[PDB]
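Okay, so here's just one chain, in structure tokens, the form deposited in one PDB entry.
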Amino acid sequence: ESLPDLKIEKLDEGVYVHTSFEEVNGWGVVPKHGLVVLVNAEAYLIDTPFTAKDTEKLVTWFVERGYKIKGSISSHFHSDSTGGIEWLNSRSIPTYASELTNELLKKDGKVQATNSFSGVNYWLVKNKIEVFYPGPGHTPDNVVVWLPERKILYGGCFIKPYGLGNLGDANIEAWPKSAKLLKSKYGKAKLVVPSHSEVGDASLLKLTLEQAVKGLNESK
């Protein structure tokens, strides 16, 4: 009853940052940055908020401003990213996730996205919104979303610059490699939006890569 409200603060041109909040872990109120991303009048969720409620808030806000929600993408299985897939499905707004993410959802008892991509990249919107799979990291399934009609990267929960955070589902042997490949093909990054931090730049790749290796020897 004192969960801070959803925030929808424009980050660039046809590119919003929705910030939502929840507890569980024992970190207290954890904030979750996701992007809304406009294509003409088509809105796109770049993850969901934690809850159905704040998804409907997010949708109505855009719906009410004369954009028509064309799809959801979730960047990994955690509700960080998937929290709103139930709602979207019950409104039969199309939801997207990788085969890996959908398999992890199934395992977790969590309604799956109604669409599956696979492979290294999905062009959710040709030329405009790209999904890229660096490999296992934060989770085994984590993917990121590239904005070519700008130079924005949604790292999601993968980018963890201050320390890797939740490790429960994490693949820490693999992460430093996955990170490396992200920093490589995703140089030329203006903005790099993490899940759980302030928005930065292409260093957050370096910073992540660094945090990644550190755990790799701090637990062997």
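Each residue number is its position in the shown sequence, starting from 1.
Another form, the form solved in complex with a small molecule, is not on view; read the next lines as being about it.
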property: Stretch in contact, per heavy atom within 4.5 angstroms of the small molecule in the bound PDB entry, of 66-74, 38-46, 179-187, 163-171; result: 163-171
property: Distance check, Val30 to the small molecule in the bound PDB entry, heavy atom within 4.5 Å; result: yes
property: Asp141 within 4.5 Å of the small molecule in the bound PDB entry, heavy atoms; result: no
property: Any non-hydrogen atom of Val59 within 4.5 angstroms of the small molecule in the bound PDB entry; result: no
property: Contact flag, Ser98 vs the small molecule in the bound PDB entry, heavy atom cut 4.5 Å; result: no
